[PDB]
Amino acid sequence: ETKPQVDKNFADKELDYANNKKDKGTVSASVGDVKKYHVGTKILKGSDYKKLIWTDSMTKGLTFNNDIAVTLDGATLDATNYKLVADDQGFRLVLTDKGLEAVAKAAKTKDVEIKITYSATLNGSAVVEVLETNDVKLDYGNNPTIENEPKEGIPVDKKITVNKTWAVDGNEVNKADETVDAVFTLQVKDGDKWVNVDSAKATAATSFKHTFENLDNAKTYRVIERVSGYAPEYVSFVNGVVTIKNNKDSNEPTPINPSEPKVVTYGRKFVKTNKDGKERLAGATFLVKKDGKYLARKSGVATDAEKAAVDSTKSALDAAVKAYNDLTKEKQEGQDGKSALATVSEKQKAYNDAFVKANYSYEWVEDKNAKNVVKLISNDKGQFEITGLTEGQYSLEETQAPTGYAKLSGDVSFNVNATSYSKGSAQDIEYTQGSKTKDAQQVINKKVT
C-alpha cells in the first residue's frame, strides 16, 4: 500500500482518499453554469516517483476552462513544475523533472499532498436529462518516461485519419477484450487559438482506424490523445494520416481512478392550443423568465465561423418574422400567413442550431429587449420547448399572440425537474399528436372578442 491516493470532487465537497470511488451524486445546473473541481493526490513518505501524470477527460457538454492551479502541501507550485496539454474537453498534466524532484524532496520526511484545482462550464451541447461528467486518472511510476508531443498537419481530400496500434514492452497487442480509454480529439487552428472540432474513442487495445471527415483542406489541425495506462507516441502526420502508437510497460502500476460527481440539466415542452384543444397554434411568442429577469444566450468556446453563424441565422429569423408581421391580418389568417410562419419556424430552428454549435451559455438579463434574449415561437403543431435549465420554477412571458387570439392574461408558470422534459406533469398533453406520450404543458389561447 505505497501507492498514491487520489480523489476528485466539486471544490465544495471534501475529498475522501479512503472512499475515492463512492457515488458522488448528480447535481442540477443551467447551461452556462461553472462547476469548480479539486483533485487531491497524497504521496506517501519516501516516494521517489519519476512519472506523475493526471488526465481528465470530460463529456462534450463540459468545456474545460483552462484555469488549472497546482499546490504542493498548500503552497503554489508554478508552471515550471509541469507540462500541460489542454483542449476544450480536458487535459493531460505531466510533472516535469523539476516538479518530480520537488515532490520527492518534500516526501522524504512526510506524506505530501498535491492539489489541482480547475473548473468547467456546462455548455449548450449538453443534452437534456443526459449526465455530464469529468474523469480524472493518475498515471504514475518509478521510471522516467519521454513525453511525446502531439503533431500538427492538414487534411487530404477533406479527411484526417488516425491509424492506431498498441504495444506492451515493445510487443504489439491486438486484444478486443482489453478495455482502454483513449480519446482522439481533433482541433483546428482558429486565429491564435486551438478549438475542438471533433473527437473519436477507442475502447479496446486493438489496431484501430478512424477518419475525421468534412474538414477544410486550407486549415491546420492537430490530433491530441487523452489516455491512461498506455501513453501516446505521435509517430507521424503526413498525407492526411496521423499514426499513433500506444506504449505501456508491464512492470508499471495501474492508474489510480477515482469516481466523479455528475452534472445534468433539465427542460420543458409546451403545446399552444385554442380553448377546446382541437387546434394547435403557430406564432405564439414567449420570453422565459426567472425572478423577473429574462433568459438570453451568448456563444461559448467556438470557432469564429460558428459564432458568425449565430448572427447570420439571427438575421434570417428577424427577416422572416418581419415578413410575417408586415402581412395584413386577412393574409396572416390565411395561406400566406401559414407559409410565412412555417418559414419563421425553419429560421428559428436554424438559429437555435447555430447557438448549440457555438456551445452557448445562458445568462439572465433585466432588459427584455436585449438583442440576445431567448424567444420561443410555437410552430404549426403548436410546439415549443426550453432545455438547459436547472431545477425550479420559471415562467413564460408572451410577447406575441397567435393571430386572432387574445393576449394571455398573465405569465405562464412552469416547473423544471429531473423528468419534466421526458415524462412531464399530470395535466400535460401530447407534444406530438397520436404519440400516446403526454409530455407537453398545454398553453390555452382564447379567440379575440
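All residue numbers refer to positions in the sequence shown, first residue = 1.
**Q** Going by the mean C-alpha B-factor recorded in the entry, which is higher: 224 to 232 or 72 to 80?
**A** The entry gives the higher C-alpha B-factor average to 72 to 80.
**Q** Mean CA B-factor: is it higher for 42 to 50 or for 57 to 65?
**A** Between 57 to 65 and 42 to 50, it is 42 to 50 that shows the higher mean C-alpha B-factor.
**Q** Out of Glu330, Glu178, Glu260, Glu213, which residue has the highest Cα temperature factor in the PDB record?
**A** Result of the comparison over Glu330, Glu178, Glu260, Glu213: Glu330.
**Q** Could you place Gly283 in the lowest, middle or highest third of its chain by Cα temperature factor, using the values in the record?
**A** Middle third, going by the recorded CA B-factors of the chain.
**Q** Against its chain's modelled residues, does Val128's Cα B factor rank lowest, middle or highest third?
**A** It falls in the middle third of the chain.
**Q** Lowest, middle or highest third of the chain for the C-alpha temperature factor of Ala106?
**A** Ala106: CA B-factor falls in the highest third of its chain.
**Q** Which third, lowest, middle or highest, does the C-alpha temperature factor of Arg92 belong to within its own chain?
**A** Lowest third of the chain for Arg92's C-alpha B-factor.
**Q** Taking only the Cα B-factors deposited for this chain, tell me whether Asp367 sits in the lowest, middle or highest third.
**A** Answer is highest: the recorded C-alpha B-factor places it there.
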